[PDB]
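K.L.:
Let me begin by handing over the structure; questions about it come next.
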Amino acid sequence: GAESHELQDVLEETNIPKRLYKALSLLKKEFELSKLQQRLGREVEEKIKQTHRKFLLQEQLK
Amino acid sequence: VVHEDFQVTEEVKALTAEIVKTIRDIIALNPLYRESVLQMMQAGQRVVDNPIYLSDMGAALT
């Protein structure tokens, strides 16, 4: 999910090792972002999971 | 009314694309409102000058 400017900067890189390391850095950044987003989602989903199963049973009754 | 927007807008609308895709998927699986609005308003049509209000109407389906 890198920015367009990220791809353009990778293209600007000439040496193969340099552009490869830049691509690895971008992948690291995106993986870190995805992990952070998933962790925040898990925490909020558990906070909603505080909504007890009595709510689910009452919804079944409804 | 708070509508703080980052100066560089490259990834900002990507979440809008994901949200509109999710809303389309939800209505396809569990239809809630007529699709005529969807045809009228398209993220790429650019006629939406208030993306926050777009998110509002999208979340209204919930």
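Cβ coordinates were reconstructed from backbone atoms using ideal geometry, including for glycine residues, and neighbour counts include every protein chain displayed. Laboratory data are not the source of any read-out in this text; all were calculated from the coordinates shown.
K.L.:
Rounded to the nearest 10 degrees, what's the angle between the helix B:51-60 long axis and the longest principal axis of chain B, both from Cα atoms, 0 to 90?
P.N.:
Approximately 30 degrees, to the nearest 10.
K.L.:
Okay, next question. Considering only C-alpha atoms, what is the centroid distance from chain B to chain A, in Å?
P.N.:
A separation of 20 Å, based on Cα centres.
K.L.:
Also, quick follow-up: Residues of B:5-18, mean number of Cβ from any other protein chain within 10 Å of their own Cβ, rounded to a whole number?
P.N.:
Average neighbour count from other chains, rounded to a whole number: 1.
K.L.:
Once you average over the residues of A:30-43, how many Cβ atoms of partner chains fall within 10 Å of each Cβ?
P.N.:
Mean partner-chain Cβ count within 10 Å for A:30-43: 0.
K.L.:
Quickly estimate the mean residue ellipticity at 222 nm for the protein assembly as shown, helices only: each DSSP H run with n ≥ 4 gives -39500 (n - 2.57), and the total goes over all residues, rounded to 500.
P.N.:
-22000 deg cm²/dmol
K.L.:
Tell me, what are the semi-axes, in whole angstrom and largest first, of the equivalent ellipsoid of chain B as set by the roots of 5 times the Cα gyration tensor eigenvalues?
P.N.:
22, 12, 12
K.L.:
So if the hydrodynamic radius of the protein assembly as shown is defined as the Kirkwood radius over C-alpha pairs, what does Stokes-Einstein give as its diffusion coefficient at 25 °C and 0.890 mPa s, in µm² per second?
P.N.:
So the translational diffusion coefficient is about 132 µm²/s.
K.L.:
Then there is this: Once you order the gyration tensor axes a ≥ b ≥ c over the Cα atoms, which shape class does chain A get: rounded for a/c under 1.5, otherwise prolate or oblate by comparing a/b with b/c?
P.N.:
Prolate is the answer for chain A, as a/c is 1.5 or above and a/b outweighs b/c.
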